[PDB]
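Summary of structural features
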Amino acid sequence: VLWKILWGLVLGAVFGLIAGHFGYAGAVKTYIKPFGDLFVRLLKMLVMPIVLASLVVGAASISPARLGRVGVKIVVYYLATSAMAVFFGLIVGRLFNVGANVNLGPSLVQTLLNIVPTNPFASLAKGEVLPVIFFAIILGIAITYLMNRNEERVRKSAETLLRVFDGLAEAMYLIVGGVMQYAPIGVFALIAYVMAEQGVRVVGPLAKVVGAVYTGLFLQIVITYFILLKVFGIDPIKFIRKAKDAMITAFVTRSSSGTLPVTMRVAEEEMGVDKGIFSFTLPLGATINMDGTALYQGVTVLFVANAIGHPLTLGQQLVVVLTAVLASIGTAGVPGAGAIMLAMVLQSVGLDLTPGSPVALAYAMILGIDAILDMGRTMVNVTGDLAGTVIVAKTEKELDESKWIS
Amino acid sequence: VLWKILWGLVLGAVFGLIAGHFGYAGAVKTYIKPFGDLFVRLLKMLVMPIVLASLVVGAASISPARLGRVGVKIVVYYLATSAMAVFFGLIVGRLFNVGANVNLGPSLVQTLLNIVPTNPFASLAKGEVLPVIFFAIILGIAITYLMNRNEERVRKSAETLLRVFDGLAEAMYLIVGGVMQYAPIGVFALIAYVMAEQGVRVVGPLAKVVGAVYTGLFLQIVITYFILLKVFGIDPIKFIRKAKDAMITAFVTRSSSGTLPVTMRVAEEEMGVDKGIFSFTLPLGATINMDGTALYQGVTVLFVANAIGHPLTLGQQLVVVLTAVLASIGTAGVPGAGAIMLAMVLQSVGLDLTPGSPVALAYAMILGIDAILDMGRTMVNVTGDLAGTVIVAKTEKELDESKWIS
Amino acid sequence: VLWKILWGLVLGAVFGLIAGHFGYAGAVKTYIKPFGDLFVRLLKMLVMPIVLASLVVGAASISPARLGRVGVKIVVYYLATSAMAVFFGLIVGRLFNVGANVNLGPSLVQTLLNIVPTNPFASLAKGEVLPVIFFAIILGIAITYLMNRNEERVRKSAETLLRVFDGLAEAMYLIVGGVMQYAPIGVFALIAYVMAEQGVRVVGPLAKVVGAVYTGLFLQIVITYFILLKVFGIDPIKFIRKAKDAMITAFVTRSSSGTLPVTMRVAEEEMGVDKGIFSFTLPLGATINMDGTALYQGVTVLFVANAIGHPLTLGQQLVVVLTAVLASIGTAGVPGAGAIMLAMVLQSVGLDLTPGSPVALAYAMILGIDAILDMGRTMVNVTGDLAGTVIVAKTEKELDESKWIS
Ligand SMILES: CCCCCCCC/C=C/CCCCCCCC(=O)OC[C@H](O)CO
Ligand SMILES: CCCCCCCC/C=C/CCCCCCCC(=O)OC[C@H](O)CO
Ligand SMILES: CCCCCCCC/C=C/CCCCCCCC(=O)OC[C@H](O)CO
């Protein structure tokens, strides 16, 4: 069973390219794509149950103090890694010199308030991850306070509620395992459709864009995550071997949230992270991780700027990327995200997006490879989420070391 | 208490006809109808709790293999009965020669993917039955797998979750029983309003339409269901006696889903079907049963075709009905359904529905008796659902025979 | 810790007036207001969990007969107090002679049906209090019926479900306590923003309107509630001392529903009311209490009538207020409510609300102090809710007397 998913990925990508190159991507859309859509839905089904129950259990299992420390540690991690992602975006974008073709040429306060759900049942029904995180944490904390109270009735009620959440989480993890028996087929179908539709379009300048973007992701992995793991004494090759199922699922599904059941099962079975850490850190990182955004914006912004011949200094590119990143924070992984955010960035600087204009043209070109860019963006984000979770668990002594030894 | 509902039905229907015939149906709308609306809402309240909890419990109570066999058996049953419904629709429509008045004259793939909920809390809040069925089944299965695991903590969590669902289901069935103390009043009020508004309109050609339609339903009952029950060794007269509360409730409420709490209580208390069978088969059949649709479309399509003098061969009528049935699958029982589907069918063949046209006129005439047709459609559908559930339970040895013996 | 909230209120109100008087209310909107919005959201988070679980537990704890008696007692109470509120509205409005400036110059049946939820999960997700009350009551009743049944499996399932709801309620009350450690800051921020924006606008005629309105509220408290408490043998000064946290929270949040977790914790910890009483009476009173509405409409209607010089007899004012009250019943406490209802009342009598008209002008003037009027409206409503809850609990012998004795 082991390694079957990576075969699924490679075979799907080859089939997709061949089918697209020979004209048949339309038939693929009809016949192949539904198996991958099914894989994606099966994983989505589990997100709210597993996230709620796992975080209620985790926040019960852990002291408020330690939970606060885990929060601050993981946020510092995500800041570090997003800073690196901005750097590598600027660097690799300029090295590849993307866009050598020729044309003519603050609301964050309410986002924080919105962290607190006004109706937790509504946030569950609407699939809002961050407020569910908040309610689960507060419920877990309250539950442990009640379970230390003297009156036995209170203790027994709290234990029953906690067991209901524990049972739900357990059932979800089991279902994830079952779905992961299916995962290779889904991965094949998704990468096949993407390759058949947009792979053939990666050529000429856009190939250098895709290469540039993927180079940036590669560096973010092999430099930032590996060095951070080594500094804290984790073998990065063992890490990758254990992360592989989460990484490939992130790649193909293009959703940090949709991979969560898989990422959490990998953190439990493979990484050996305690639920008190990953049940909190992973859903949070799925919504706050800004590495892929910084990389996408840096590269695609440079490509666009060069396509219309607008001069852009390194500092000006940096300020633009940073303001785009600030506008992006809090948004979870969703397909077609960075393209929309890029369109917003272009609009806000006063550029003419009316049909026929050069900028509308460069944007459409990016938009047509956007799926190819999103796969890598999501894969590097989920990778960084697992890395930071493992690191924090280690610093909190919640990492099981036996899993990391051949 | 027993048989009180059937008195409610007959008395309500008489009162409704008299009130309508004498002009007073408007007063009925004001004063009488709310008691029936209340009955309908009280039953609706129970659908999601009882369906979720009953199916979680049932799928826990039964092995995956047996559950698969129950699924395939009940689907084969619904195919058989829909084929018969098409036949009887064509036959009875032509025998009555409906419409002797004179005027001038594929997206199923996404429906299957949509079977899988992406947010089960969302599907519960939105009242989507089929995805709730899916999640409950998978949860039940997962729960039983965990309850056979060695670790006691896992077993105890799973048992607590399963008991929560069992308690909810039990509470729902008790509430159903209480509501069924009220049922005769609700049945009276509903049939009274319907008779007062549209009963008086069943005369002349439309009476032959109503007669024709009701004849088709009658045959579907007394031929298809009775013969199928006898082949498998169930007394059909005992069956009807036990089904009577579900049949009348289906008749008056015009909703397969809204009758579900009653249909399930009848299957438990009267039919003696195990929850492992009916908690699955009945909610599924409420959304996939196509007998009433085939009958409605066959008759009303023939009536319309004759009204505008458009020649329609038996094979052409069959192909039209079949494509309407394919378009209808997956839609649960809802008032005003077949009228909309008929309107779609008329539009798709290129007919002119603009005001004043002959087809708009014939459609309005059907629309005005549509409630009268819907009552029968829903009653025959719920009857067929109970019949197929009982049959499958028998073939699985999950039917308690002591209930069927005087 | 005790009395800290009342300091928060007074200090916030002073800061707000000074900031507004000196121009800086805009900065307040940016910097100060979010802390109060956070307080409001933190309380809102708890409404559905605590209301559901508390009412399931309460209706389990109490017999159906006693629950019916509690219902009828509390409704009679709310009728009495709304009649008094109408009286005091007319009286105080006329005494202050509001509006001495000079210009040119039934659907209740469906509301009752809507009490019954058609999908209780939907009503939880949508935050509909009254249908959640209904489902919780019926669930509690059903649960106690099952727990008296002979079969132990049924008893154990019902007990598990009831314990899940009890644990949730307990966790909510604990969280409320924690939030109430924070309450003074929130109260400060809210009253500060309101004073800075609209306090400065209370001058001249509008000051007499505000005074008039607040006088009416004062009377409703010191006459109706005090006399009713004394008749039944409750010390009204002890009552106020115990109610103070609920009263101030109601004042600042301007939401009966949003204060519910606080009102219920006050009823439990301070008043000593059994959950069987207050878990039902308080959420119901939050949606049906009509005292503030009668007062608001009486005063603002008189002010408007005098501003445009339209002659209004005392009986005509009474009929208008009564029809507005009938239109208002069932609506829970929400900011900006009475202004909308007043606008409806003005429209329905045929007045010209087109821009520039005198009535549009008087309405805009009320609208600009509407927040100042809403604070008092909500505070008097929550006060009356606690008073009636305590009274009913006493008549049912569910009030703990030890809490009322120094
Ligand atoms: C996203 C950045 C991090 C967000 C926040 C951290 C993560 C979530 C909350 C954890 C508990 C934090 C509060 C409880 C722990 C603080 C210390 C404690 O134990 O009690 C505090 C109390 O107010 C006096 O001791
Ligand atoms: C609507 C038509 C029917 C829909 C489908 C049936 C009803 C619902 C599912 C039942 C369990 C089906 C899967 C589990 C049972 C299959 C055999 C089994 O026990 O295990 C399968 C496993 O993959 C190797 O053994
Ligand atoms: C808002 C005005 C009040 C609304 C209604 C009251 C409050 C909610 C319901 C309580 C139980 C009422 C029904 C159960 C109690 C009635 C007597 C009883 O115990 O049983 C009734 C049974 O039908 C023959 O005995």
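This text goes with the structure placed above it.
In short, a report on the structure. (Residues numbered from 1 in each chain as written, not as in the entry; some residues may be left out. Chains lettered and ligands numbered in written order. Heavy atoms only, no water. Residues with missing side-chain atoms left out of burial classes, pairs and counts.)

Some thoughts on the overall build of chain A
The condition that has to hold: Starting at the N terminus, helices and strands are each numbered in turn, a helix being any DSSP run of H or I of at least four residues and a strand any DSSP run of E of at least two. For a compact globule the rule gives 2.2 Å times the number of residues to the power 0.38, and the radius of gyration it is set against comes from C-alpha atoms.
Along the backbone of chain A there are 17 helices and zero strands. Relative to a compact globule of 406 residues, whose C-alpha radius of gyration would be 22 Å, chain A shows 22 Å and is just as compact. Along the first, second and third principal axes, the C-alpha set of chain A runs to 75 × 45 × 40 Å.

Topic: the relation of the copies chain A and chain B
Note the following rule: Superposition of the copies is done by least squares over their C-alpha atoms. Residue contacts are defined here by distance: any two heavy atoms, one from each residue, within 4.5 Å place the two residues in contact.
Superposing chain A onto chain B takes a rotation of 120° plus a shift of 0.0 Å along the axis, which leaves an RMSD of 0.0 Å. Viewed as a symmetry operation, the transformation between the two copies matches a three-fold axis. Closest to the rotation axis within chain A is the C-alpha of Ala-125 of chain A, separated from it by 3.7 Å. The share of interface residues of chain A whose copies in chain B are also at the interface is only 12%, consistent with the copies meeting through different surfaces.

Let's talk about the site of ligand 3
Residues and elements named next belong to chain C. Put simply, the test is: We call a residue near a molecule or strand whenever a single non-hydrogen atom of that residue lies within 4 Å of it. Pairs of N or O atoms are called polar contacts if they sit within 3.5 Å, as long as, within protein, a hydrogen donor faces a hydrogen acceptor (for residues adjacent in sequence, only side-chain-to-side-chain pairs). In these tables, accessible area is a Shrake-Rupley quantity obtained with a 1.4 Å probe, and a residue counts as shielded only by the protein chains included in the view. Under the convention adopted here, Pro, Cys and the residues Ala, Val, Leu, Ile, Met, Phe, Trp and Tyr are nonpolar, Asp, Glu, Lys and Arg are charged, and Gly plus all remaining residues are polar.
Around ligand 3 lies a shell formed by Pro-64, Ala-65, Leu-67, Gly-68, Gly-71, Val-75, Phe-280 and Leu-284. At 3.3 Å, a backbone N or O of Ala-65 approaches an oxygen atom of ligand 3. Relative to its free-state accessible area of 650 Å², ligand 3 is covered by the protein chains to the extent of 42%. Among the secondary structure elements, those contributing two or more residues to the shell around ligand 3 are α5 (64-96) and α13 (275-288). Broken down by element, the shell around ligand 3 gets its largest block of residues, six residues, from α5. In terms of residue class, the shell around ligand 3 is built from six nonpolar, two polar and no charged.

Looking at the packing of aromatic side chains
Keep this limit in mind: Two aromatic rings from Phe, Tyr or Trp, using only the six-membered ring of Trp, form a pair when their centres are within 6.5 Å; if the ring planes differ by under 30 degrees the pair is stacked, by over 60 it is edge-to-face, and anything between is tilted. Each residue is assigned to one of three classes by its accessible area relative to the maximum for its type, calculated with a 1.4 Å probe on protein chains only: buried under 20%, partly exposed between the two thresholds, exposed over 50%. Our definition puts a charge over a ring when NZ of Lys or CZ of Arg is within 6 Å of the ring centre and also within 35 degrees of the ring normal.
Per the stated rule, a full pass over the model turns up 18 aromatic pairs over all chains. Here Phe-239 of chain C and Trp-404 of chain C contribute two aromatic rings whose centre-to-centre distance is 6.3 Å and whose plane-to-plane angle is 0°, an arrangement assigned as stacked. On the criterion of sequence distance, the pair formed by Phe-239 of chain C in helix α11 (residues 236-253) and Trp-404 of chain C in the segment after α17 (358-395) is long-range, its members being 165 residues apart. With relative accessibility at 8%, the residue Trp-404 of chain C sits in the buried group. Residue placement shows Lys-242 of chain B over the ring face of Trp-404 of chain B; its charged tip is 5.7 Å from the ring centre.

Digging into the site of ligand 2
Residues and elements named next belong to chain B. Within the structure, ligand 2 sits among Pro-64, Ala-65, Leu-67, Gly-68, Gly-71, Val-75, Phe-280 and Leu-284. The contact in question runs from an oxygen atom of ligand 2 to an N or O atom on the backbone of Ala-65, over 3.3 Å. Taken by itself ligand 2 offers 650 Å² of open surface, and the protein chains cover 41% of this. Among the secondary structure elements, those contributing two or more residues to the shell around ligand 2 are α5 (64-96) and α13 (275-288). Split by residue class, the shell around ligand 2 holds six nonpolar, two polar and no charged.

As for α13 of chain C
Residues and elements named next belong to chain C. Just so we agree on the cut-off: One fewer than the residue count of a helix, multiplied by 1.5 Å, yields its expected span.
Here α13 spans 19 Å end to end across 14 residues, near enough to the 20 Å set by a 1.5 Å rise per residue. Buried residues dominate α13, accounting for 14 of its 14 residues. With a side-chain oxygen lying 2.9 Å from the backbone nitrogen of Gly-276, the N-terminal cap of α13 falls on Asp-274.

Here we look at the interface of chain A and chain B
Chain A puts 25 residues into the contact, and the matching count from chain B is 27 residues. Looking at the side of chain A that touches chain B, the elements with two or more residues in it are α3 (33-45), α4 (47-61), α7 (120-125) and α9 (152-198) of chain A. The element best represented in the side of chain A that touches chain B is α9 of chain A, accounting for eleven residues. Among the residues making up the side of chain A that touches chain B, the classes are represented as 15 nonpolar, three polar and seven charged.

Things to note about the packing of helix α4 (residues 47-61) of chain B against helix α12 (residues 256-271) of chain B
Residues and elements named next belong to chain B. Rule in force here: Whenever a helix is involved, its axis is fitted only over the stretch in contact; in every case the axis is a line through C-alpha atoms, and angles between N-to-C directions fall within 0 to 180 degrees. In these notes the angle categories are as follows: under 35 degrees is roughly parallel, over 145 is roughly antiparallel, 65 to 115 is roughly perpendicular, and the rest is oblique. Put simply, a crossing is left-handed when the front helix is turned counterclockwise from the back one by less than a right angle, and right-handed when it is turned clockwise.
Axis separation between α4 and α12 bottoms out at 9 Å; the angle between their running directions is 55°. With respect to their mutual orientation, α4 and α12 come out oblique. Considering only the axes of α4 and α12, their crossing is left-handed. Together, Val-47, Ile-50, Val-51 and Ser-54 of α4 and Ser-257, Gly-258, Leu-260, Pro-261 and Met-264 of α12 make up the contact between the two elements. Here the contact of α4 with α12 is built from residues that sort into six nonpolar, three polar and no charged.

A few points about the interface of chain C and chain B
Listed by partner, the interface residues are 27 residues for chain C and 25 residues for chain B. Of all the secondary structure elements, the ones that give two or more residues to the side of chain C that touches chain B are α6 (108-113), α7 (120-125), α8 (129-147) and α9 (152-198) of chain C. Of the residues forming the side of chain C that touches chain B, the biggest block, eight residues, is contributed by α9 of chain C. Here the residues of the side of chain C that touches chain B are counted per class, giving 19 nonpolar, six polar and two charged.

A closer look at the pattern of salt bridges
Residue and element names in this part refer to chain C. Selection rule: The term salt bridge refers to a side-chain nitrogen of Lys or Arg lying within 4 Å of a carboxyl oxygen of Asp or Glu.
For the structure shown, the criterion picks out 39 salt bridges over all chains. In this structure, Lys-73 and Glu-396 form a salt bridge, with 2.6 Å as the shortest nitrogen-oxygen distance. Judged by its relative accessible area of 30%, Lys-73 falls in the partly exposed class. Under the relative-accessibility criterion, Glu-396 is labelled buried at 4%. Between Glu-159 and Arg-163 there is a salt bridge, with its nearest N and O atoms 3.0 Å apart. Of this pair, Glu-159 and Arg-163 are both found in helix α9, four residues apart, which corresponds to roughly one turn of the helix. When its relative accessible area of 32% is taken as the criterion, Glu-159 is described as partly exposed. For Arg-163, a relative accessible area of 29% corresponds to the partly exposed category.

A word on the environment of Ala-339 of chain C
All names here are of chain C. With respect to the secondary-structure elements, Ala-339 resides in helix α16 (residues 337-348). The spatial distance from the C-alpha of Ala-339 to the C-alpha of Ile-366 is 7.7 Å, given a sequence separation of 27 residues. Sequence-distant contacts of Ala-339, that is, excluding residues within four places in its chain, are made with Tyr-296, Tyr-363, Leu-367 and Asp-370.

So, the packing of α9 of chain A against α9 of chain C
Orientation of α9 of chain A relative to α9 of chain C, taken along the N-to-C sense of each, is 105°, at an axis distance of 7 Å. Accordingly, the angle class assigned to the pair α9 of chain A and α9 of chain C is roughly perpendicular. Residues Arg-153, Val-154, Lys-156, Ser-157, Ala-158, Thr-160, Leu-161 and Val-164 of chain A of α9 of chain A touch α9 of chain C, and the partners they reach there are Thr-160, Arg-163, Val-164, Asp-166, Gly-167, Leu-168 and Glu-170 of chain C. Grouping the constituent residues of the contact of α9 of chain A with α9 of chain C by class yields six nonpolar, four polar and five charged.

A look at the side chain of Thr-253 of chain B
By secondary structure assignment, the location of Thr-253 of chain B is in helix α11 (residues 236-253). With residues up to four places along the chain from it excluded, the contact list for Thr-253 of chain B reads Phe-39, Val-40, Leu-190, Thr-259 and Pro-335 of chain B.

Considering a nonpolar patch on the surface
Residues and elements named next belong to chain A. Note the cut-off: Residues enter patches when they are more than 30% accessible in relative terms and free of salt bridges; like-charged ones are connected within 9 Å and nonpolar ones (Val, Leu, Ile, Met, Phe, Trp, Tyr) within 5 Å.
A cluster of nonpolar side chains, contributed by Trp-3, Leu-6, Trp-7, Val-10, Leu-11, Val-14, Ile-18, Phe-22 and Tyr-24, occupies part of the molecular surface with about 950 Å² of accessible area. With respect to the helices, strands and loops of the structure, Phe-22 is situated in the loop between α1 (4-21) and α2 (25-31). Taking relative accessible area as the criterion, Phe-22 reaches 57% and is therefore assigned exposed.

Points about the environment of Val-47 of chain A
Residue and element names in this part refer to chain A. By secondary structure assignment, the location of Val-47 is in helix α4. Judged by relative accessible area, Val-47 falls into the buried class, the value being 7%. Not counting residues up to four positions away in its chain, the partners in contact with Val-47 are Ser-257, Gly-258, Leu-260 and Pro-261.

Here's the deal with helix α15 (residues 314-328) of chain B
Residue and element names in this part refer to chain B. We apply this condition: To be clear, the arc concerns the directions from the helix axis to the C-beta atoms.
In a regular helix each residue adds 1.5 Å, so 15 residues correspond to 21 Å; α15 covers 21 Å between its end C-alpha atoms and thus fits that length. Every buried residue of α15 is accounted for by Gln-317, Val-321, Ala-324, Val-325 and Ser-328. Taken end-on, α15 shows its buried residues confined to a sector of 100°, consistent with a single buried face. Taken together, the buried residues of α15 touch α5, α14 (291-307) and α16 (337-348).

Side note on unusual backbone geometry
Residues and elements named next belong to chain C. Within the chain, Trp-3 stands out as a residue other than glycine whose phi angle is a positive 75°. Following the sequence through the fold, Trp-3 ends up in the segment before α1 (4-21). Take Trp-3: its relative accessible area is 32%, and that puts it in the partly exposed class. One non-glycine residue, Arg-254, lies in the positive phi region at around 60°.

Some details on the side chain of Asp-385 of chain B
Residues and elements named next belong to chain B. Test applied: The charge count treats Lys and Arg as positive and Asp and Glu as negative. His and the chain ends do not count.
Within the secondary structure, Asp-385 is located in helix α17 (residues 358-395). Lacking a salt bridge, the buried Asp-385 has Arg-377 as its closest oppositely charged neighbour, with an N-O distance of 9.8 Å. Setting aside residues up to four positions removed in sequence, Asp-385 forms contacts with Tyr-78, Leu-282, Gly-285, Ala-286 and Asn-289.

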